[PDB]
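Participant: I'd like to ask you about the structure that follows.
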C-alpha cells in the first residue's frame, strides 16, 4: 500500500528523476495501488541510518523498503538486520554493501537478501570440476572465519557423489607468512587443481609464495571463491593469468531491473496476504519510543515470500533467508588484465561457452 | 514400620550428648533417608541433618561444624553425636524418616525424648 | 597523551569498583603518556536507544575499548547485541564479562568481540573427560533445534570422531514443544544407557516430566546435563543422581572487572610502544571509515597472556574465548546439591564423597542390554 | 537459606471456613513444594497436606490448598470445623541448600 526505496546515489546521478519515474505507475496490474516514497541518503552512519529509518516509519507509514548502498563496509547488513528485527518491517538488500550473505540471522528477523551463500559457490565449483574432467584437487584454507563449514561441505559432497572423487591432502596455513611450516606444507601438495580460500591480502601472499616455490605453469588450474574478487577494479600484480572465480552478475544486471523485481515480490506478497485474510497490518507507532513492549502482529508477512513468481522468472526464497535461483556467473582472468564471462548459472545446469580449455598462458615468463 | 526413641536424659553443661533411635518393623538397608529435628520449648522447628543408609550425610549450615551423625545397620540404629553443647540447647529431639521421593516429606515421626542441659 | 576506555555496567556500586580498578591500573606503572580515564554509562530497558547513546559516548570520548556486562533482568540473549553491532562498525575491540551464549562466538558476524567466561557450547570437554574416566563408550545424545544445541552437537561429534567412534543416536527435539513422549519412547528401546541433555530450562522441565512417567529414570541409568538444566525452576522434576557442571566464578563481577582492566592496561602498554597508529574516529555521525590499528589491537589483545590475577591466568585462544577454566562437578542427593568433583582443565579429579547414582544404590553402573 | 512468616493464631466460630498462609519472604514458591503438618500437643506431628493437593487416606476431606504466586502464599482452606481441630499447624518447604520450617498457628474454637 505504501513502500519506500532509497540508495546512495552512486550510479543514480544520471537517474535522479528516474527513481520517481520507475516503479509501478503505468506498466503493472494488481490490487490497491502502491506508491514509492523515494529518498537519497548521502552516507550511512550508525546514528544516520537509525534516524532515517525511524523518521520514515513515524512520518510515512511504510511497511517494507529496499536498501542499496555502494559502501564497501560489511556491518551495514548486520545493522539493518538489527533494525528490521526491532522494527517489524520487511527489508531487502538489492545491491551493494547490504548484499553479503550473513551467516545466521536473528530468530525473528525479517531480512531478505539478494546474494549467494558459500554453499552455492562450492557446488558450482564442483560442477565446473566435473565438467572439465579434473578429478584431483587440494584444499587450502588458512584462517578466515567460516572455513570449517566450507571444508565440511566440500568433504560431504565428495563423499556423496558418483564420479569417483579423489580429494587429496588438505592443509591449513594457520601461521601465514612464517617460513617455518608453510614451505613444507605447500611442498606436500602433489596434484594439479587448487582450491584457494582466504582474504585479498592473504591470497596475494599465498600466490606470491606459490610463484616463488614454482608450482605454477601450464598445468596448474587455480580456483578461488567470490571473496577474492569483491571489486573487479583492483587487480593486483601477483594474480596469475588464468584463474577461475565465480561471482554475482554485474555485466548484464541493472539497478532498474533489481528495483522492479524487489517491488514486484513485495507487492505480490502483500496481495497474497490481503487475499488470505481481511485485516491488513499497520506500521508501528515509533522506534525509539518503547515505553510499552509490543509483540508480533497477526500473521506477519513470512509465508508469502516463498511461493512468489512475478512476470516470468521465479523469485522464490528459502526458509534459510537467502535466494533459491541466483544469477551466478563464472569468469576468468583473461590475458589482458580484464575479467571476461565464460558462462551463466542457469536453472540448474551450468552452460559453459568454451568447449575446451584454451590453456591460458601464465605470467609470461613461464 | 514404627520408630522408637531413647535418650540418656539430661547432660552436664558443655559436654557431649549421644541419642540412640532404633527402628522396629523395617530394614535400615532401603532407599529412604533418616533425619533429626529438634524443637525448643515454645519455639520453631529446626532441621539438624540427614544421613543416608550407606555412606554420606548432610548438615544444617548454621550448625554444620558441631554434628557427627552416625548409623549402624548391623543393629539397625542411628545416633546423634552433638559436641561442644551450649547453655541454650534444651529442646525436644525427634528422629524422623523421610522417603526418597523427589520431595522432602517426614513420615512417620517418633515419640521423641526431652533433653535438658544444666548442672 | 591520554587514552580512555569505556564501560557499560548495570550497577552504580560497580562504577565505584571499576573506577578503583583504573585507579589501581594507573598506579602500579604509569606517570607518562598513560593517564587513563574511565567513562561509564548505564543499561537501558529499551534496545534501540542503546546504540545512539553508545556512539554518542564514542564521539564524546573516542574510547579505545568497551567493557560490556549483563543485567539482572534475565534474557541474556540480545543485551550486548546493540553495543557489539554499533562498535563493530569502527572495529574498536569490545570484550564481555558475563556472556555465555554461543552465537557471539562466531567471528564472521561479530567481527570484534572477546569473552572472559567460556561459552555454553564449550563444556563438552568435561563430558568427554568424565566418559574417559568412568569408561562409558555407548552414549545417547539428545539436543534441541537451535544454534546452541547444534554447536554443542558439532563439537561433541568432532571430539568423539577424534577417537574414530560415534554416538549411538542423536535426537533433536523441537524447542518449546508440548508433547515429547514419542521421541523418548523411541529412544527407550536401544542399547546405550548414558543420556546427555543440553537444552533450555523451560523445555528441560517438560523433558524431565515426560521421562519420569516412562519409568526410564529408575535404577541402572546414568544422566549427564549441562549448567542451565540444573539452575532455575527445572529443579522440581529433576531425578536423583543427575550429574551436573558449574562454573567456579560464573556470577562474580568485581573479579571480572579487575581482570578486564588489567588485561586492557597491559595491552595498551604493549601497543603504545609501536609507532604508526591512528586515533579512533571522532564522531558517530562524523565519517564512515575503518580504524587503522583495529585488527592490530585485536591481535595484541589476543596474544596477551596475563601472569596471575584473582581468577588465574587469562590466556585466550585463537577464537576470542577463554582457556583453562576450572569446573565443579556437582551431584544432587535428596534435592540437595553437593560438589563431588573438580575439573582443572585437562583431567577431572573426584573428591572423598561416594556419589548416589540414579534410582538409589551405590555402584559404578555401566549400561548395556 | 530464607525465612517463612505466618500469623500467630486465628479466631473462628464452628460451622464456617478459615484460611491461613505462610507467605515466603525471600524468593518465590514456584520451584519447590510446600507441606502442611498437623500437630496435637503431647503427640508426634503428622502429615495433613503434601504436594499442595494430595491427602493421605487417614484424614477426612476438610482440607485443601493452592498457590497463587502473586503474594507468594499458600492456602489451607478448612471447611466444617469441629471441636477436634484445636491444634497447631506448621508449613515446611525445602530448597537447594537446606530445609526450613515456619512459625506457628493456634487455631481456636
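Residue numbers (PDB author numbering), protein chains in the order written: chain B, 34 to 399; chain H, 2 to 120; chain A, 25 to 393; chain L, 1 to 109. A virtual CB, placed ideally from N, CA and C, is assigned to each residue, including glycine.
Strictly under 9 Å for the Cβ-Cβ distance: is residue 69 of chain L near chain H by that measure?
Facilitator: It does not; no Cβ of chain H falls within 9 Å.
Participant: Expressed to the nearest angstrom, what Euclidean distance is found between the alpha-carbon atoms of residue 234 of chain B and residue 116 of chain A?
Facilitator: C-alpha separation (whole angstroms): 21 Å.
Participant: Along chain A, in chain order, which residues have C-beta atoms closer than 7 Å to that of residue 78 of chain B?
Facilitator: Under the 7 Å cutoff, chain A gives 308, 309 and 312.
Participant: Give a yes or no on whether 9 Å exceeds the smallest Cβ distance from residue 27 of chain H to chain A.
Facilitator: Not closer than 9 Å to any Cβ of chain A, the Cβ of residue 27 of chain H fails to qualify, so no.
Participant: In chain order, what are the residue ranges of uninterrupted beta strand (DSSP E) at least 3 long that sit wholly in the region 241-273 of chain A?
Facilitator: Fully enclosed beta strand (DSSP E) runs of 3 or longer: 246-248 and 267-271.
Participant: Just to confirm the assignment, what range does the beta strand (DSSP E) spanning residue 40 of chain B have?
Facilitator: From DSSP, the beta strand (DSSP E) with residue 40 of chain B extends over 35-40.
Participant: Considering only the beta carbon of each residue, do residue 75 of chain H and residue 82 of chain H sit closer than 9 Å?
Facilitator: Taking 9 Å as the Cβ cut-off, residue 75 of chain H and residue 82 of chain H do not qualify as a contacting pair.
Participant: So what's residue 218 of chain A in DSSP terms, helix, strand or just coil?
Facilitator: Correct three-state label for residue 218 of chain A: strand.
Participant: Along the region 98-118 of chain B, where does the CB come closer than 7 Å to a CB of chain A? Name the residues.
Facilitator: So the close ones are 104, 106, 108, 111, 112 and 115.
Participant: Between the Cα of residue 397 of chain A and those of A:369, A:318 and A:319, spot the shortest distance and give me the residue it belongs to.
Facilitator: Outside the shown range of chain A, which is 25 to 393, sits residue 397 of chain A, and nothing can be said about it.
Participant: If distances are taken between C-alpha atoms only, which option among A:67, A:340 and A:73 comes closest to residue 97 of chain A?
Facilitator: When only C-alpha atoms are compared, the closest one is A:67.
Participant: Return yes when the Cβ of residue 132 of chain A is within less than 9 Å of the Cβ of residue 422 of chain B, no when it is not.
Facilitator: Past the boundaries of the shown model lies residue 422 of chain B; chain B is included only from 34 to 399, so the question cannot be answered.
Participant: Given that residue 74 of chain L touches chain A, what residues does it touch there, using C-beta distances under 8 Å?
Facilitator: In chain order: nothing, as chain A lies at least about 15 Å away.
Participant: Consult DSSP for residue 394 of chain B and reduce its assignment to one of helix, strand or coil.
Facilitator: The answer is coil: DSSP assigns residue 394 of chain B none of H, G, I, E or B.
Participant: Which residue from B:128, B:139 and B:153 puts its Cα closest to that of residue 109 of chain A?
Facilitator: When only C-alpha atoms are compared, the closest one is B:139.
Participant: For residue 53 of chain L, which option in L:102, L:80, L:95 and L:67 has the closest C-alpha, if you only look at C-alpha atoms?
Facilitator: Of the listed residues, the one whose Cα sits closest to residue 53 of chain L is L:67.
Participant: Nearest chain A C-beta to residue 306 of chain B closer than 9 Å, yes or no?
Facilitator: Closer than 9 Å: no.
Participant: Below 7 Å on C-beta distance, what does residue 129 of chain B contact in chain A?
Facilitator: Result: empty, since nearest Cβ-Cβ is about 13 Å, beyond 7 Å.
Participant: Among the residues of its own chain, which have a CB less than 7 Å from the CB of residue 48 of chain L, if the five just before and after it don't count?
Facilitator: Excluding sequence neighbours, residue 48 of chain L sits near 36, 37, 38, 59 and 63.
Participant: For residue 79 of chain A versus residue 249 of chain A, is the C-beta spacing smaller than 9 Å?
Facilitator: No, the pair does not count as a contact, with Cβ atoms beyond the cut-off.
Participant: Below 8 Å on the Cβ atoms is my contact criterion, and I expect residue 420 of chain B with residue 147 of chain B to pass it. Report the Cβ-Cβ distance as a whole number of Å.
Facilitator: Absent from the structure is residue 420 of chain B, since the part of chain B shown begins at 34 and ends at 399.
Participant: Taking the alpha carbon of residue 144 of chain A as the reference point, which residue from A:135, A:157, A:156 and A:127 has its own alpha carbon closest?
Facilitator: Measuring from the Cα of residue 144 of chain A, the nearest candidate turns out to be A:127.
Participant: Is the region 264-282 of chain A close to the region 32-42 of chain A, with three or more CB pairs under 8 Å?
Facilitator: Contact holds: three or more Cβ-Cβ distances are below 8 Å.
Participant: How big is the Cα-Cα spacing for residue 6 of chain H and residue 16 of chain L?
Facilitator: Approximately 39 Å between the Cα atoms of the pair.
Participant: Does the distance from the C-beta atom of residue 217 of chain A to that of residue 392 of chain A stay below 9 Å?
Facilitator: Going by C-beta atoms, residue 217 of chain A is nearer than 9 Å to residue 392 of chain A.
Participant: For the beta strand (DSSP E) containing residue 318 of chain B, name the first residue and the last one.
Facilitator: Run containing residue 318 of chain B: none; DSSP gives neither H nor E here.
Participant: Since I believe residue 119 of chain A is in contact with residue 138 of chain A (beta carbons under 8 Å), could you give me their beta-carbon distance rounded to a whole number of angstroms?
Facilitator: That belief holds up - the Cβ atoms of residue 138 of chain A and residue 119 of chain A are roughly 4 Å apart, short of 8 Å.
Participant: In chain H, which residues lie with their C-beta within 9 Å of the C-beta of residue 8 of chain A?
Facilitator: Residue 8 of chain A cannot be examined here, being either before or after the span of chain A that is shown, 25 to 393.
Participant: State yes or no: is the beta carbon of residue 300 of chain A nearer than 9 Å to at least one beta carbon in chain B?
Facilitator: No - not a single Cβ of chain B is within 9 Å of the one on residue 300 of chain A.
Participant: Below 9 Å between beta carbons: does that hold for residue 122 of chain B and residue 98 of chain B?
Facilitator: Yes, the pair counts as a contact, with Cβ atoms nearer than the cut-off.
Participant: Shorter than 9 Å from the beta carbon of residue 263 of chain A to some beta carbon of chain H?
Facilitator: Yes, residue 263 of chain A counts as interfacial toward chain H.
Participant: Which chain A residues are close to residue 56 of chain H, counting only those with a beta carbon under 9 Å from its beta carbon?
Facilitator: Under the 9 Å cutoff, chain A gives 377, 378, 380 and 386.
Participant: In chain B, what lies closer than 9 Å to residue 130 of chain A by C-beta?
Facilitator: Chain B residues near residue 130 of chain A: 136, 137, 178 and 179.
Participant: Can you tell which of B:69, B:174, B:395 and B:391 has its C-alpha closest to the C-alpha of residue 296 of chain B?
Facilitator: Out of B:69, B:174, B:395 and B:391, B:69 has the C-alpha closest to the C-alpha of residue 296 of chain B.
Participant: Report the residue from L:71, L:101 and L:84 whose alpha carbon sits nearest the alpha carbon of residue 28 of chain L.
Facilitator: Closest by alpha carbon: L:71.
Participant: Would you list, in sequence order, the uninterrupted beta strand (DSSP E) runs of no fewer than 3 residues that lie entirely inside the region 319-389 of chain A?
Facilitator: 351-356, 361-367 and 372-374, all fully within the region 319-389 of chain A.
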